[PDB]
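Report on the structure given below.
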Amino acid sequence: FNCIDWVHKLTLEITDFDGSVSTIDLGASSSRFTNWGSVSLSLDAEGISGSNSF
Amino acid sequence: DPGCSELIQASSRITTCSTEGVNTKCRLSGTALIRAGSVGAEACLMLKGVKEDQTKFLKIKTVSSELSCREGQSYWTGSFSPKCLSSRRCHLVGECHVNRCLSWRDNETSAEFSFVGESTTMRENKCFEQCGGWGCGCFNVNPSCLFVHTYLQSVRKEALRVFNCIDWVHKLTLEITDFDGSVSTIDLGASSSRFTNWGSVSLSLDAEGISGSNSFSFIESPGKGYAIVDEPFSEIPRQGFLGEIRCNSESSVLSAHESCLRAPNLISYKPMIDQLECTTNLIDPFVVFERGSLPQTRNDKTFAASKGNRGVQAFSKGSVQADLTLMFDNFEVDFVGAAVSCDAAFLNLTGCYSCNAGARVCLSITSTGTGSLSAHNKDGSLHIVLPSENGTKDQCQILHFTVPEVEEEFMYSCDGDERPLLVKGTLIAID
Amino acid sequence: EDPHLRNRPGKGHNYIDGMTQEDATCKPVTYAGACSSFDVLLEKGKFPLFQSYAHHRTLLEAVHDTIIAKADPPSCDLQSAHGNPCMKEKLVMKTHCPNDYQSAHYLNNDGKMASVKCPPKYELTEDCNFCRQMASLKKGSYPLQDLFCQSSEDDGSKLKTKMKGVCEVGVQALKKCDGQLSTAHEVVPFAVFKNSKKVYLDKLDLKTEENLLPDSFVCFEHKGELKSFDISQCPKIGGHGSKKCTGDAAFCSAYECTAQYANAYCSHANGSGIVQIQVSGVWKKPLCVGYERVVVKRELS
């Protein structure tokens, strides 16, 4: 396969108030679903450009 | 203390009268042109009928100067997070085939997810191929399938209406005072017209205007403040830009209704045999909303929110140059009373000299009947006309002077005999 | 949704002095009520305003509810041309008169209720001005105007028609027009308040305020043609006494539903409540806004 865009993905876990730990991920400005709300990323970091020739 | 700022004469061609039972009534039907007042002033209009006792005034109070933006293309957007639903089906079982998962339409609902029904929200149907055999939960070597029925949902609590401004309209919130005594508040911008009880009014000559505003967009929040984004308006939705998933109303965003438009292929699917993760990479409008929120300094104007109606506005620091066009659309007016006596008093004299705003005067008129007070100076160059009601009221209008130390004795008359009156006050040099 | 527009809330009586033939099948007005004065109200392509305001009263129902007073005489005759207090307002109007009808009721200027009557077996004409000779004749009247009725007791008699740009519009003559003018036969909205006159208006700004009122919930007798039943006998919220009654979602959410203990099934009115209007720039509650095709004289000079 090929890569058209490099999304800044961050492997982040969520430790709930009771003790349960849920490991999820966040990319660019994506959102997830947990047992208490919704997590999302507001600002990315860096960004590799030019990957259509690979 | 603030009073009238413009006082002109009315022509008798568009004004007639008719006596019907010892009560002569007036009939106004014509077009008049009056100068617009300054910020925080009024604009009376002295009128004379066919008799010597009818005196009706048409005051136009100016609140402030607003620089609103004219809308044209708008849409409702917001954040959305889909929910992935997976259901693996073996081959040769119901609809598990090698030709049903590849050539699968995005609008037909499979039998595995047909229990929900024909929903009215944004959704899509995808068919992903998965391996079979005994290593993944099957009894045949043929490849199985994975039915996906992912629908879009709203995770936020509010909505944003992203619009643009093709031309800044200079509006003026005016408080029109009727002849009988009713008070109406309207607004005139650029060349818009407003209907009233005595006819209609519209803005004539304009001057304050901002050109080139298509490269900036605004965000309206129902109940919260406004915002501005440094980018042109988004017409065709596409990836990699703010404006992927749009709608047409607040209900289409809070409930993610299927009536809104969206870009093709936005839910990123991660098939993992049995697991499913359908997420999107849309731009959160709340990040830019909280990043570029008002107040914002742009060029030489301070963009701020409104105070009366809804819509984005702007604050300017220049002068006010506008003309008001008064139109009488066949209005009937009567004057039962006449002209009686009454005493006047002095309150305060503010304003300026040798400027457009002039000098505002404050006079305390105390009479017992309904009429009008007439006053004039000595050489006959300045006339003062003010209404006189039953009680003590405070009135006044513009007074032109060419001296900062105004001190001239005036002569007022409520019905015929003149009375002495001395006024004074310190003005300021302003244009 | 829920075709329950035939039930008449409250009393619902369509009777007048003269039409004594439909007295047995006129009070009250149920689902099986037969009468020409009410069947033409639900017809398609004739009375659109009554179809838009189906869950509201009429003229006779407003008269029987002590809302609209009666004229003197309330029923005139169109046989002999000796003169009667009814032609002065009928000649200025222009309404269609269907075949096989003897009476024709409308709204007068004094805010009361005036009507005519044809002697048997002479019917009316095509315009309704005079009466001519005689299928089978009906046993009721025909509403000439397109008005409705409601429960309102708002005061407003010290008013006057404020329509600028016209001369003698409708019946109220504001001023003469002998010079240049242009008359026709258009429609003008009007509204009559409590003990007032026919005040005409320029534009119509109606607004129906939906609220949990007993006049906005229909109900019929439940058993194993449906018959109407009084909805005011149902209990309130959090109660299970007196005359039991059940419903669907709105009636069950507002009041209670005793299921088997109930003897009458209730429902919700498809659009009903308090109707407002914008007259003289002040929110007022009228009685029955209607239309009519009269002589409208405008001003040109």
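Protein chains in written order, with the deposited numbering: chain F, 850 to 903; chain D, 688 to 1118; chain A, 154 to 287, 290 to 379, 393 to 469. Idealized CB from N, CA, C, for every residue including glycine.
Looking at chain A, which residues of the segment 1016-1040 of chain D have a Cβ within less than 9 Å of any of its Cβ atoms? Only those residues of the segment 1016-1040 of chain D whose C-beta falls short of 9 Å from the nearest C-beta of chain A are listed: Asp-1016, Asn-1017, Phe-1018, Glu-1019.
*Any chain D beta carbon closer than 9 Å to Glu-467(A)*: Residue 467(A) sits at position 299 when you count from the first residue of the third sequence. At least one chain D Cβ lies under 9 Å of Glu-467(A).
Heavy atom of the ligand ATP within 8 Å of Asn-261(A) beta-carbon | Looking at this structure, you won't find the ligand ATP or any other ligand, since it has none at all.
9 Å Cβ cutoff, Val-974(D) in contact with chain F:
By 1-based counting over the second sequence, the position of residue 974(D) is 287. Judged by the 9 Å Cβ criterion, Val-974(D) is in contact with chain F.
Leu-953(D) CB to nearest chain F CB: under 9 Å?
What you label residue 953(D) is simply residue 266 of the second sequence in a count that begins at 1. Chain F contact via Cβ: absent.
Using a Cβ-Cβ cutoff of 7 Å, what residues of the segment 312-324 of chain A are near chain D? List them in chain order.
So the close ones are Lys-319, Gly-320.
What residue range does the alpha helix (DSSP H) around residue 1204(D) cover? Given that chain D is displayed from residue 688 to residue 1118, the structure contains no residue 1204(D) and the question cannot be resolved.
Within 10 Å of its beta-carbon, does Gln-232(A) have 16 or more other beta-carbons around it, so buried, or fewer, so exposed? Taking the third sequence and counting its residues from 1, one reaches residue 232(A) at position 79. Counting every other CB atom within 10 Å of its CB across the protein chains shown gives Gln-232(A) a total below 16, marking it as exposed.
Segment contact, 8 Å Cβ cut-off, at least three pairs: the segment 862-873 of chain D with the segment 982-990 of chain D = They do not touch, by the three-pair rule.
(request) Flag this pair as yes or no: are the beta carbons of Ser-880(F) and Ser-766(D) separated by less than 9 Å? (result) Against the first sequence, residue 880(F) aligns to sequence position 31. Against the second sequence, residue 766(D) aligns to sequence position 79. In this structure, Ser-880(F) sits near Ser-766(D), with a CB-CB distance shorter than 9 Å.
### Query
Within 10 angstroms of its Cβ, does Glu-1092(D) collect 16 or more other Cβ (buried), or is it exposed?
Within the second sequence, the letter at position 405 stands for residue 1092(D). With fewer than 16 other Cβ atoms within 10 Å, it is exposed.
Can you tell me the Cα-Cα spacing of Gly-171(A) and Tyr-275(A), whole angstroms? In the third sequence, residue 171(A) corresponds to position 18, counting from 1. In the third sequence, residue 275(A) corresponds to position 122, counting from 1. In a straight line, the C-alpha of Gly-171(A) is about 14 Å away from that of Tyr-275(A).
- Task: Excluding the 5 residues preceding and the 5 following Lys-293(A) in the sequence, name in chain order all residues of the same chain whose CB lies nearer than 7 Å to its CB.
- Result: Translated into the one-based positions of the third sequence, residue 293(A) becomes position 138. The beta carbon of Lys-293(A) sits closer than 7 Å to those of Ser-189, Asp-253, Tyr-254, all from its chain and outside the five residues before and after it, given in chain order.
Practice item. Give the DSSP-derived three-state secondary structure of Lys-241(A) in the structure shown. Key: Taking the first residue of the third sequence as 1, we reach residue 241(A) at position 88. Helix at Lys-241(A).
So which residues on chain D does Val-856(F) lean against when the C-beta distance must stay under 8 Å? For this step, residue 856(F) is matched to residue 7 along the first sequence. Those are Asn-968, listed as they occur along chain D.
Whose C-beta lies closer than 6 Å to the C-beta of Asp-357(A) among residues of the same chain, with five residues either side of it excluded? Numbered from its first residue, the third sequence carries residue 357(A) at position 202. So the qualifying residues of the chain are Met-318.
| query | Is there at least one Cβ from chain F nearer than 9 Å to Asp-971(D)'s Cβ? | reply | The sequence position of residue 971(D) within the second sequence is 284, counting from 1. Closer than 9 Å: yes.
I'd like the span of the alpha helix (DSSP H) that includes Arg-978(D), first residue to last.
Against the second sequence, residue 978(D) aligns to sequence position 291. Counting along the chain, the alpha helix (DSSP H) containing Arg-978(D) begins and ends at 972-978.
task: State the start and end residues of the unbroken alpha helix (DSSP H) segment that holds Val-269(A).
output: For the purposes of this step, residue 269(A) is taken as residue 116 along the third sequence, with counting starting at 1. In the DSSP assignment, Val-269(A) falls outside any alpha helix (DSSP H) and lies within the beta strand (DSSP E) extending over 267-270.
_Quick check: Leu-745(D) and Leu-1013(D), are their CB atoms within less than 9 Å of each other?_
Indexing the second sequence from 1 puts residue 745(D) at position 58. Indexing the second sequence from 1 puts residue 1013(D) at position 326. Cβ distance < 9 Å, so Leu-745(D) and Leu-1013(D) count as in contact.
| task | At 9 Å on the CB atoms, spell out the chain F contacts of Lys-770(D), in chain order. | result | Numbered from 1 along the second sequence, position 83 holds the residue referred to as residue 770(D). Residues of chain F passing the Cβ test: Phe-882.
- Task: Specify, as a first and last residue, the run of the beta strand (DSSP E) that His-217(A) falls within.
- Result: Taking the third sequence and counting its residues from 1, the one referred to as residue 217(A) is at position 64. Premise fails: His-217(A) lies in the alpha helix (DSSP H), 213-217, not in any beta strand (DSSP E).
**Prompt:** If you follow the beta strand (DSSP E) that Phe-303(A) is part of, which residue opens it and which one closes it?
**Reply:** Residue numbering aside, residue 303(A) sits at position 148 when the third sequence is read from its first letter. That residue, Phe-303(A), is in no beta strand (DSSP E); it is neither H nor E in DSSP.
Which of the three DSSP states is assigned to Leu-772(D) in this structure? By one-based count along the second sequence, residue 772(D) stands at place 85. For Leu-772(D), the three-state secondary structure derived from DSSP is coil.
Note to self: Taking the alpha carbon of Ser-936(D) as the reference point, which residue from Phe-928(D), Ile-960(D), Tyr-762(D), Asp-740(D) has its own alpha carbon closest?
What the structure shows: Here the question's residue 936(D) lines up with position 249 in the second sequence. Across the set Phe-928(D), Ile-960(D), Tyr-762(D), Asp-740(D), the C-alpha of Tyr-762(D) shows the shortest separation from the C-alpha of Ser-936(D).
Exercise. In angstroms with no decimal places, state the Cα-to-Cα distance between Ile-853(F) and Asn-968(D).
Key: In the first sequence, residue 853(F) corresponds to position 4, counting from 1. In the second sequence, residue 968(D) corresponds to position 281, counting from 1. Rounded to whole angstroms, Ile-853(F) and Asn-968(D) show a C-alpha spacing of 14 Å.
CB-CB under 7 Å to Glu-1094(D), same chain, minus the five flanking residues each way: which ones, in chain order?
On the second sequence, position 407 is the one that residue 1094(D) refers to. Beyond the five residues adjoining it in sequence on each side, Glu-1094(D) comes within less than 7 Å, by CB distance, of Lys-1111 in the same chain, given in chain order.
Is there a C-beta anywhere in chain D that falls below 9 Å from the one on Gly-449(A)? To locate residue 449(A), count along the third sequence from 1; it is residue 281. Closer than 9 Å: yes.
(request) Specify, as a first and last residue, the run of the alpha helix (DSSP H) that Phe-419(A) falls within. (result) In the third sequence, residue 419(A) corresponds to position 251, counting from 1. Start and end: 418-422.
To the nearest angstrom, report how far apart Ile-1117(D) and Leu-890(D) are at their CA atoms. Position 430 of the second sequence, counted from the start, is the residue given in the question as residue 1117(D). Position 203 of the second sequence, counted from the start, is the residue given in the question as residue 890(D). Approximately 26 Å between the Cα atoms of the pair.
(Q) Would you say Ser-766(D) lies against chain F (beta-carbon separation less than 9 Å)? (A) Walking along the second sequence from the start, residue 766(D) turns up at place 79. Yes - at least one Cβ of chain F is within 9 Å of the one on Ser-766(D).
| message | 9 Å is my cut-off, CB to CB: does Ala-877(F) come that close to chain D? | response | Mapped onto the first sequence, residue 877(F) falls at position 28. Yes, because at least one Cβ of chain D sits closer than 9 Å to the Cβ of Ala-877(F).
When the Cα atoms are used, what is the spatial distance from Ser-904(D) to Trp-855(D)? As a working mapping, residue 904(D) is identified with position 217 in the second sequence. As a working mapping, residue 855(D) is identified with position 168 in the second sequence. The straight-line gap separating the alpha-carbon atoms of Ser-904(D) and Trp-855(D) is approximately 13 Å.
Notebook entry, point to check: Any idea if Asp-225(A) is buried or exposed, counting beta-carbon neighbours within 10 angstroms, 16 or more meaning buried?
Noted result: Residue numbering aside, residue 225(A) sits at position 72 when the third sequence is read from its first letter. Flag for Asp-225(A) reads exposed.
| query | Residues in its own chain within less than 6 Å of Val-1048(D) by CB, not counting five upstream and five downstream? | reply | Sequence index remark: in the second sequence, residue 1048(D) carries index 361 (1-based). The answer, listed in chain order, is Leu-1036, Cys-1083, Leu-1086.
* Given a threshold of 16 other Cβ atoms within 10 Å of its Cβ, counted over all protein chains shown, does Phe-850(D) qualify as buried or as exposed? -> In the second sequence, residue 850(D) corresponds to position 163, counting from 1. It is buried - the Cβ of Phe-850(D) has at least 16 other Cβ atoms within 10 Å.
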